[PDB]
Amino acid sequence: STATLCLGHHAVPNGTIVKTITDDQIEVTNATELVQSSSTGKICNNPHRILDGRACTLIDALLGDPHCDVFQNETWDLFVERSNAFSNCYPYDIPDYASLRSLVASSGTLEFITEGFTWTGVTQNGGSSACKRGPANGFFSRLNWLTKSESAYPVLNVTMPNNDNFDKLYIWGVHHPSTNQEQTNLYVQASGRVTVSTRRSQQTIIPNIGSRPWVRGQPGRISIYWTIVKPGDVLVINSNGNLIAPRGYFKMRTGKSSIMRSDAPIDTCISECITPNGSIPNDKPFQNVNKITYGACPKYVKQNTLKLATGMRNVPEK
Amino acid sequence: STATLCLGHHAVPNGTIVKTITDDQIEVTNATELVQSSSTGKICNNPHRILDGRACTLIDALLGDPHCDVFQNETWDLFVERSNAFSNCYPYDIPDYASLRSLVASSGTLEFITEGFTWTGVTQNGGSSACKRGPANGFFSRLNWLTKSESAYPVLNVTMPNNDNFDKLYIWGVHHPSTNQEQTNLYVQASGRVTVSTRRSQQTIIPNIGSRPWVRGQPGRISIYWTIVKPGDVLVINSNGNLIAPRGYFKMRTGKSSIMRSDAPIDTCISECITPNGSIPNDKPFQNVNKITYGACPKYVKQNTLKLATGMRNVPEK
Amino acid sequence: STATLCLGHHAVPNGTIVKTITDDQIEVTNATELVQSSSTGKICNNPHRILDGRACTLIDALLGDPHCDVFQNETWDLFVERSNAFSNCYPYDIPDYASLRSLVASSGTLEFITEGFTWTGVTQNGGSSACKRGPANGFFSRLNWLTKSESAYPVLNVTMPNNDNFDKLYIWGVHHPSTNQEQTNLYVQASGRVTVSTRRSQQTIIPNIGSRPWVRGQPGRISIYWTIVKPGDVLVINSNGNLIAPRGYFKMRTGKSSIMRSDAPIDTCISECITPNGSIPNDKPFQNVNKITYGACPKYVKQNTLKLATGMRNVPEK
Amino acid sequence: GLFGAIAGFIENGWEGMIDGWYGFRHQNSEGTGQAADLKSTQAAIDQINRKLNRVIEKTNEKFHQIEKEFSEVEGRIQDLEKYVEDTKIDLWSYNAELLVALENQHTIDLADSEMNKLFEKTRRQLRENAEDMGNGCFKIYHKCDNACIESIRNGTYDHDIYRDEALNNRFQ
Amino acid sequence: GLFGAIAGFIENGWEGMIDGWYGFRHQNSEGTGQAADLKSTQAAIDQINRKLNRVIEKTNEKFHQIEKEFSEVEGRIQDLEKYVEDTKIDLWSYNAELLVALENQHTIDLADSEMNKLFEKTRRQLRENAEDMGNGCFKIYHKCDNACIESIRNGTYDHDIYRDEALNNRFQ
Amino acid sequence: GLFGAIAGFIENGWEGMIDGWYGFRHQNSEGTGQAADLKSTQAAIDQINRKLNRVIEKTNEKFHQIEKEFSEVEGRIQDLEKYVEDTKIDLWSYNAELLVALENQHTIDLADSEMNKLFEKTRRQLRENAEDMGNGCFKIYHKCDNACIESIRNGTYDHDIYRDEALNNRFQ
Ligand SMILES: *[C@@H]1O[C@H](CO)[C@@H](O[C@@H]2O[C@H](CO)[C@@H](O[C@@H]3O[C@H](CO)[C@@H](O)[C@H](O[C@H]4O[C@H](CO)[C@@H](O)[C@H](O)[C@@H]4O)[C@@H]3O)[C@H](O)[C@H]2NC(C)=O)[C@H](O)[C@H]1NC(C)=O
Ligand SMILES: *[C@@H]1O[C@H](CO)[C@@H](O[C@@H]2O[C@H](CO)[C@@H](O[C@@H]3O[C@H](CO)[C@@H](O)[C@H](O[C@H]4O[C@H](CO)[C@@H](O)[C@H](O)[C@@H]4O)[C@@H]3O)[C@H](O)[C@H]2NC(C)=O)[C@H](O)[C@H]1NC(C)=O
Ligand SMILES: *[C@@H]1O[C@H](CO)[C@@H](O[C@@H]2O[C@H](CO)[C@@H](O[C@@H]3O[C@H](CO)[C@@H](O)[C@H](O[C@H]4O[C@H](CO)[C@@H](O)[C@H](O)[C@@H]4O)[C@@H]3O)[C@H](O)[C@H]2NC(C)=O)[C@H](O)[C@H]1NC(C)=O
Ligand SMILES: CC(=O)N[C@H]1[C@H]([C@H](O)[C@H](O)CO)O[C@@](OC[C@H]2O[C@@H](O)[C@H](O)[C@@H](O)[C@H]2O)(C(=O)O)C[C@@H]1O
Ligand SMILES: CC(=O)N[C@H]1[C@H]([C@H](O)[C@H](O)CO)O[C@@](OC[C@H]2O[C@@H](O)[C@H](O)[C@@H](O)[C@H]2O)(C(=O)O)C[C@@H]1O
Ligand SMILES: *[C@@H]1O[C@H](CO)[C@@H](O[C@@H]2O[C@H](CO)[C@@H](O)[C@H](O)[C@H]2NC(C)=O)[C@H](O)[C@H]1NC(C)=O
Ligand SMILES: *[C@@H]1O[C@H](CO)[C@@H](O[C@@H]2O[C@H](CO)[C@@H](O)[C@H](O)[C@H]2NC(C)=O)[C@H](O)[C@H]1NC(C)=O
Ligand SMILES: *[C@@H]1O[C@H](CO)[C@@H](O)[C@H](O)[C@H]1NC(C)=O
Ligand SMILES: *[C@@H]1O[C@H](CO)[C@@H](O)[C@H](O)[C@H]1NC(C)=O
Ligand SMILES: *[C@@H]1O[C@H](CO)[C@@H](O)[C@H](O)[C@H]1NC(C)=O
Ligand SMILES: *[C@@H]1O[C@H](CO)[C@@H](O)[C@H](O)[C@H]1NC(C)=O
Ligand SMILES: *[C@@H]1O[C@H](CO)[C@@H](O)[C@H](O)[C@H]1NC(C)=O
Ligand SMILES: *[C@@H]1O[C@H](CO)[C@@H](O)[C@H](O)[C@H]1NC(C)=O
Ligand SMILES: *[C@@H]1O[C@H](CO)[C@@H](O)[C@H](O)[C@H]1NC(C)=O
Ligand SMILES: *[C@@H]1O[C@H](CO)[C@@H](O)[C@H](O)[C@H]1NC(C)=O
Ligand SMILES: *[C@@H]1O[C@H](CO)[C@@H](O)[C@H](O)[C@H]1NC(C)=O
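Protein chains in written order, with the deposited numbering: chain D, 9 to 326; chain A, 9 to 326; chain G, 9 to 326; chain H, 1 to 172; chain B, 1 to 172; chain E, 1 to 172.
Structure (C-alpha cells):
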C-alpha cells in the first residue's frame, strides 16, 4: 500500500581520530597526515649539487689543508661537513670563523685564481712539520708563509688591482711567534705588522707573542683574516714582518649554495628537501624531522602528527 | 486560479574570482583588493619631517664633510640617502659604521654643541688637500686635527664634564700615518695612542703605520669612534699623538626618527606610509611594494593580490 | 480544542560584549577572559630556585666584589638583579659584558674550584683602596693581582690541564695603568702583555696606559676576559706584565637557569610563571603584563582584553 | 546567525528560563507552562566547553631567552633584538585577535544551530497534528494536555493517537 | 554553500535584479513581476560591510627598524637580519592567505544563509496556502493578484483569508 | 554538526554502503534495496578534495639561512639566533594546530550539510505524497515499486501521478 524510502550516509568499521574546534578527539571516516615524521636516513644525490666534505671542513678546504687538497676549486649547491672531520695542518685561529664559513658556503665556489705577487726581500713558501705534504714540511695551499732573507725583512708594500667586473675574496693572515727569539729570528724586527687595505677599508693587525699549547708540535699559531676587493679597487698589503701572504683570490658568486653538518650517507635518488637526518618528501605541509632544512622543504613544527579530515564523521551502525 | 511566487538572488555580467577554503578559484559578484601593490613613485613631503641627503650620507653630514655643512644641525623624521651621494673629504673608516649610522638616524638630529677645547701644546685645525674647503685644505667641520707644536706632542689629558640633563654624543678619531717618517714628523712620538674614557666606559685605540691605496691623494686614514657621556659623568681624552679631537657634542634625543635609502623624488602631498619606491596609501591591510617601510604601513606580503569577497557567489544563467 | 507549544532559548539581564568576524561589538549571554592582565605584584619563592642579587649584580658576584662574597658558589633557576645594585670594588671593563652575564646566567651556578696555579717570580694577592674587603685594601675574591717581586716581573708561563669530563670557565683580565711611571713601577717592563690560549682559542691583550676618570679614587681600569677550556684540552697563560690571574674556574652547566631585572618582592607562594612585575597565573592563553617572562607563561600580546564567548547571543525581551 | 533562529524567526529570548538554554512554553486547556530542554541545552554546553578547554589549558615554557629592555644605546645588534621581539609580539597579538573573532563567530552560529535542531526535532514529532506559526511556535490542532505535552518534550509522543482529531480541525 | 540555496536548489541568479541581492518574481493573473527584498538584502550587506571594516581601517606604525638590503657581504650578523625579515614575511603572507580564504568561504555561506532565511520566512507566511515546488518558487493555491503578492513581500499576508479557497485547490 | 543530520536525526551510518557517502534504502511491495547517491557523494568529495589540495601542493624554498645548533657557548648573538628560530617554530606550530582545527570543524559540517541537502532535495521532490518520519526516512503514502523508487533517486519522480492515491491514504 505505502512504500518506505530512507536516506543515509556511510560509516567505517575502524575510523580515524581527529581534532576540531570542539573536540580534541572526534572520529572521521578518513584523514590524511599533514606532518612528515619520517626520513629515509640518506641524502639524495640531486636536484642539488652535493659536496661531501669527507674529512675536511669547508674552511680547511678553503685554506688548503694538505688532505683537503682534493676540494681544490670545487663547487657545491650544498656542502656537507662531517662530524669526524679533522685538521692536519698548522695551528690556526679565525676571528669570526662563523662568518667566513658562512660567506664562502653561500658563495658555493672554491675557484682560487692565483695572482702574480711581488715578494721582494724575503723567503717564500714557508712550512712546518705540523702540515706535512708527503714526507716534507708544508703549509696551507692558498697561503704564503714569508720569512727573512739575507738577514733582513723588507717593509713590504705590494699592490694588487681588481680590473675585473667581479669581486675578489682575498684571504691572508699574520703569524704569532712563540717567543721573542723566534720573532727576531724569523722576521728580524722585534715587532711585526700587517696592514691590508683598499680604498674602502683597512685592517691593520699586530702579531702577538707568547707560548700556546703545542698543537701538532707547535706553540705558535696563525690568525686568519679576509678582504673583499670590488671591481675598480686595488688591494694594498703593507707588512714589515709576520705576514702570511695570499697567493691569489677566490671568485665570489651568488646563488642558492649553502652548508650543512650531517653524517647522513649520500645516495642516488631524487629529493628536493634535505635535512641533517637525510632527505625527506615535500608533499606534506609540515615536518617534524629537523628544523635545519635546505631546498623545497616543509615548515618545521613541534607536533608529530596532524590529521586533516577527508571524510564525514564516523557513526558505527548499531 | 493559482499563483506562483519565486524567490531568488541577483547575479552580475562579469563577476570576480576569489579564493576560499574549498576553492582556489570561485566567482563572486563583488570583491575588494587587500594588497596595496602600486606607488605614486614619490615621497610625500609630509606628516613626516623629511630631509633629502642630496649627496650627503648621514655620516658625512655628521662628520662635517665640506659639501655637507649645509646639513649642520638639521633634524628629521626621515633622512633619505641618495645612491649618488659621495664623500670628498679626508679618507676615513668607521668600525661599526652601521651602528653609528643607526643610532644617529634614530636620534633624528645633528644639533652640535661646541665645547671648550683645552689643547695646550699642539697645533689645531689640521687640514688636507683631500678635504678642500674652498681653495684651502680643510677637514671635517666637527673634528680637530691635532699636530706637534714647537717640536713636541704633549701627553694630552683633557676633561669634559656632562653637567646637563641629557646624554652627549662625542665622536672623535685617531689618524693612521702612511709612514714612520710621517708619524714622527707629525707627532714626534714614534707610536701614538688615543684613550677616551668615562666612569662607565673606556676605549683605547692605537695608530697603525702603513701605506694604503691613495684616496684623493692620501695614503693615510682616520678611524672614527664615538662615546656617549651620561649625565653626572665626565669625558676624559688622553693621548700623546694621533688624536683627531672632538669639537663638542651632539644632542641625543629619542623619537620616531629614522633613515632610508631611496632615489624617489620628494613631492608635495600627504602620505602616512613611506617606502623606498615612494609613498603608498594605507587603506589596505597588506602591501607588495617594498618590505622597507616607514610610518603607518600595511604589512608586506609576497602575494601581489588578495581579494576579499564582498558579495554572494555569482551564478550566471546558462 | 487546540494546544500551542512554543520553542525558545534563554537570555540574561546584564549580557556580555564579545567580538566576531561580522561584528566587533555584539552581545552574548556569557564569555571568559583570555588575557591575563593582572599581577600579585610579587615574585613567588617557588617552584623556581630564586636568588635575589640584592645589591650585587650577577657579574660582581662572579668576579667576587667584597659585598658579594655571600653569593660564592651560589645557584639559581632564576637570578634576580635589583635596580639599586652597586659595584664597590676596583674599576673594571668587560668587552662583551652582555654575553658573559648571559652564559653565566644560563649555567645558573657560581661553583668555583680553586686551582693550584704557581706564579713564580711575582707578588700576589694584590689589592686596592677601592677594594676595601673590610677596612683594609683588597681585590675581587676570584682574581689574583700580580706584581713584580725583587725588582723584576718574569715572562710568566703557566699551564693548567682540563683532565675533567666537563667544561671549565676561566675568567681572567689585564690591568691598564694610569701612567708610565705606574707601569714600570708595578711591572718593571715598559709595556705589558697577556696571552691566554688552549688548543682551540687564543686571545692576547695589550695593556693600554692612560689617565681615566677617578672611580673610588682610581684612574686605572681593569679589562675582564674569559676563556672556556673544554675536556681533554689545556689552559696556558703567558704574560710579562699586567696580568690579573685566575684562581681556578667555574663549573659550567646547562639547564633552565636564567636572570631577570626586577624590584619585585619575593614572597612565599607558588607561581609557575614569573615576570618583572611579579608572578602571574598561567591559566589564560595570553597576557598583557610584561613581555619579559620566565617559566610556563601566557604569550604577551598588545590587547589588554580578549573575551571568548561561552554562550549564545543575548537577545533580551525589551 | 546562519540559522536565523536566535535573534531571528524567534523574536526574543526568555529571561525567565533559568533552568536551561532551551525549552518550551505552552498554552493548553489545563493552562500555560514552561520546561527547559535538558538534552538540547547540555549539547550546547558540552560543545562550547570542549571549545573553551582547547584554548585555555595551554602554555609554553621558555626560560633563558634574549634581553628586551636596554639601559644604553648600542645600534645594529640591539635594533635586531627589538625588531625580533616586536615582530613576535605583533604576530601573536594578531593570532589572538583572530582566534576569538573566529571562535566567537562559530560559537554564535553553534548556539543557533542547536536552537534550530530542537525546533526541527519538535516539528518532526508533531507530523500532521500541528503547524509552524512562524514565531517559533507550533499550533497543535488537538487537545494536548500536560501529559500530551510531556510526551512531546521527553520525546514519546505518538502522532497516530491525535492524528484524526487534528486533520479534522486542520482541513475544516 | 552550506545552505544549498544559491548555486543550489535555486538554479541561478537574476541579472535583471539590479536594485537588490535577493527578491521575488511572480506570475499571477495580472501577468508577471519582480521586486527586490530590501530587508533581506540589507541584512547581508550590513554583515559583509562590518566583516570588511574589521580588515581595512587597520594598520600599525613602525619607524626605526632594521636594515633589509645590503651592499656588502658580512656573514653571521647579516644572515640573521635576513632570516628574521624573511621569517616575518612568510608568517604574514601565510596570515593574509588564510584570512581571505576563511573570510571568503564564510562570506559565501552567509550570503547563502541569508537567501535561505528569506525562503523560510516566506514559506512560514504562506502556511497551508502554498507548496514548495523545489526550485525556490511557491505555488500559491489561490487567486493572488498584485495586492495579494505585495502583502506577502511586505509581510502582512493574512493566511486565513485564503485558507479555505487554498485547501480546496490543494486537496481536490 | 551544524545541520544535525549526520550523528543527529539520522541515528546511524551504513557500513553496508560501499559505493558512496550518501544513499537511499527502501522497502516496498517488491522488497528492500540499497543504492548510493552519486551526485550527492561526488559533491562532497569534490569539495573536500579542493580543500585538501589548497594545503598539500604547497611549500617554499629556503637555501642559505642561519645556523641552528651550536658546539660552543657564545652569549648574546647566539641567544638571538636561537630565540629567532624558536619564535619562528612556535608561530608555525600554532598555525598548523589551528589550520587542521578549523579545516576539520568545517569539513565535518560540510559533510553533514551535504547530507541535509539530499534530504531536502528528496522531500521537495515527493511533495504531498510522503511524510517525514523524523529519522531520515520518508513514508511514501502510495504503492511505489522498484521503478517508482528509482525515479525518485534519479530525480524524475512525477508527484502528480500519485498525488490522489497518496492524499487519500494520508487524510483518511
Ligand atoms: C710554557 O708552557 C708550555 C706548556 O706547559 C710549555 O710547552 C710545553 O713544552 C714542552 C717542550 O718544551 C712540550 O713537551 C713535548 O711534549 C710532547 C708530547 O707529545 C713530546 O713528544 C716532546 O718530546 C720532546 O722532548 C722529549 C723528552 O722526553 C724528547 O725525547 C723529544 O725528542 C722532544 O724533543 C716534548 O716532551 C709540552 O708538550 C708543552 N706543553 C704544551 C701543552 O704545550 C712551554 O715550553 C713553556 N714555554 C717556555 C718557552 O718555557
Ligand atoms: C706602496 O704601494 C702603493 C700602491 O702601489 C704606492 O702608492 C702609489 O704611490 C704613487 C706615488 O707614490 C702614486 O702615484 C701617483 O698617481 C696619481 C695617479 O692617480 C698621479 O696623480 C700622481 O702624479 C704624478 O704624475 C703627475 C703627472 O701628471 C705629476 O703632476 C705629479 O707631480 C706626479 O709626478 C702619481 O703618479 C699612486 O697613486 C699610488 N698608488 C696607489 C695604488 O695608491 C706607494 O707609493 C707604495 N709605498 C711606498 C711609500 O713606497
Ligand atoms: C687628567 O685629567 C683628569 C681629570 O681632571 C685628572 O684626574 C683628576 O685628578 C685629580 C687629582 O690630580 C682628582 O682630584 C681628587 O678629587 C677628589 C674629589 O672627590 C678628592 O678625593 C681628591 O682629594 C685630594 O685633595 C684633598 C684636599 O683636601 C685631600 O684631602 C686628599 O688627600 C687628596 O689630596 C683629589 O682632589 C680628580 O678627581 C680627577 N678628576 C677626574 C674626574 O678623574 C688626571 O689626574 C689627569 N692626568 C694626570 C695625572 O695628569
Ligand atoms: C717559517 C719557519 O720558520 N718555519 C719553521 C717553523 C716555525 O718556526 C714554527 O712553526 C713557528 O711556530 O719551526 C719548525 O720547527 C720547530 C722546531 O724548531 C727547532 O729549531 C726547535 O729546536 C724545536 O723546538 C721546534 O721549535 C716547524 O716545523 O714548525 C721548522 C720550520 O722551518
Ligand atoms: C696636519 C697635517 O700635517 N696636514 C698635512 C697633511 C698630513 O701630514 C697628512 O694628511 C698625513 O697623512 O699632509 C698634506 O700633504 C701631502 C703632501 O705631503 C708633502 O709632504 C709632500 O711633499 C707632497 O708631495 C704631498 O704628498 C695633506 O694635504 O694631507 C699637507 C697637510 O698640511
Ligand atoms: C646649531 O648649529 C649652529 C651652527 O650653525 C650652532 O651655532 C654656533 O653656536 C656657537 C655657540 O654655541 C657659536 O660660537 C658659533 O659661532 C655658532 N655657529 C655659527 C657661526 O653659525 C648652534 O649652537 C647649534 N645649536 C643647536 C640648535 O643645536
Ligand atoms: C620597489 O623597489 C624595489 C627596489 O628595492 C624594486 O626592485 C626589486 O628588488 C628585489 C630585491 O628584493 C629584486 O628581487 C627584484 O628583482 C626587483 N624588482 C624588479 C623587477 O626591479 C621592486 O620591484 C619595486 N616594486 C615596485 C612595486 O615597483
Ligand atoms: C581516504 O580514503 C579513501 C578511500 O575512498 C582514499 O581514496 C583517499 O585517498 C583517502 N583520503 C585522502 C584524501 O588521502
Ligand atoms: C683550480 O686549480 C687548477 C689546478 O688544479 C688551476 O689551474 C685553476 O686555475 C683553478 N681554478 C680556476 C680555473 O681558477
Ligand atoms: C564591492 O564592495 C565595495 C565595498 O564593500 C563597494 O565599495 C564596491 O562598489 C562594490 N563593487 C561594486 C562596484 O559594486
Ligand atoms: C560570563 O560573562 C561575563 C561577561 O563576560 C563574565 O564577566 C563572567 O566572568 C563570565 N562568567 C564567568 C565567571 O566565567
Ligand atoms: C665551592 O664549591 C666547590 C664545589 O663545586 C667546592 O669544592 C669549594 O670548596 C666551594 N668553596 C666554598 C667557598 O665553599
Ligand atoms: C610592568 O613592568 C613594566 C617595566 O618592565 C612597566 O613599564 C609596566 O607598566 C608594568 N605593567 C604592569 C603589567 O604592571
Ligand atoms: C513523557 O511524559 C509522559 C507524561 O508525563 C510520561 O508518561 C512518559 O513516561 C514520559 N516519557 C519519558 C521517558 O520521559
Ligand atoms: C502590503 O501590501 C498590501 C497590498 O498591496 C498593502 O495594502 C499594504 O499597505 C502593504 N503593507 C505595507 C506597509 O507595505
Ligand atoms: C529513473 O527511473 C525510471 C523508472 O525506473 C526510468 O524509467 C528512468 O529512465 C530513470 N531516469 C534516470 C535518468 O535514471
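Note that the Cβ used here is the ideal one computed from N, Cα and C, for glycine as well.
To the nearest angstrom, how far is the alpha carbon of residue i from that of residue j?
i	j	result
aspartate 32 of chain A	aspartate 160 of chain E	43 Å
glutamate 82 of chain G	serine 115 of chain G	11 Å
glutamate 97 of chain B	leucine 52 of chain B	16 Å
residue 328 of chain D	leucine 86 of chain D	Any property of residue 328 of chain D remains undetermined from this structure, which presents chain D solely from 9 to 326.
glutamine 47 of chain E	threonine 30 of chain A	6 Å
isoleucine 267 of chain A	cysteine 281 of chain A	14 Å
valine 130 of chain A	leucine 194 of chain A	10 Å
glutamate 57 of chain B	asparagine 49 of chain B	12 Å
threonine 318 of chain G	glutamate 120 of chain E	32 Å
What would DSSP say about residue i, mapped onto helix, strand or coil?
i	result
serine 107 of chain G	helix
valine 166 of chain G	strand
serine 231 of chain G	strand
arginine 261 of chain A	coil
Using 8 Å for Cβ pairs, my map puts residue i next to residue j. What's the rounded Cβ distance?
i	j	result
residue 347 of chain G	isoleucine 252 of chain G	In the structure as shown, chain G starts at 9 and stops at 326, and residue 347 of chain G therefore has no counterpart that could be examined.
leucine 13 of chain A	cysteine 137 of chain B	6 Å
ask   = If you pair each beta-carbon of the stretch 15–27 of chain A with each one of the stretch 67–86 of chain D, do three or more pairs fall below 8 Å?
value = Too few Cβ pairs lie closer than 8 Å, so no.
inquiry  = Count Cβ pairs between the stretch 259–277 of chain G and the stretch 197–212 of chain G that sit closer than 8 Å; are there 3 or more?
reply    = Flag = no, the stretch 259–277 of chain G and the stretch 197–212 of chain G do not touch.
message = I want to know whether the stretch 260–268 of chain G touches the stretch 91–108 of chain E - three or more CB-CB distances under 8 Å.
response = Output reads no: the stretch 91–108 of chain E does not touch the stretch 260–268 of chain G.
message = Between the stretch 211–226 of chain G and the stretch 129–149 of chain G, can you find at least three pairs of beta-carbon atoms closer than 8 Å?
response = They touch, by the three-pair rule.
query = Would you say the stretch 178–195 of chain G touches the stretch 204–222 of chain D, given that touching needs at least three Cβ pairs under 8 Å?
reply = Verdict: no, contact absent.
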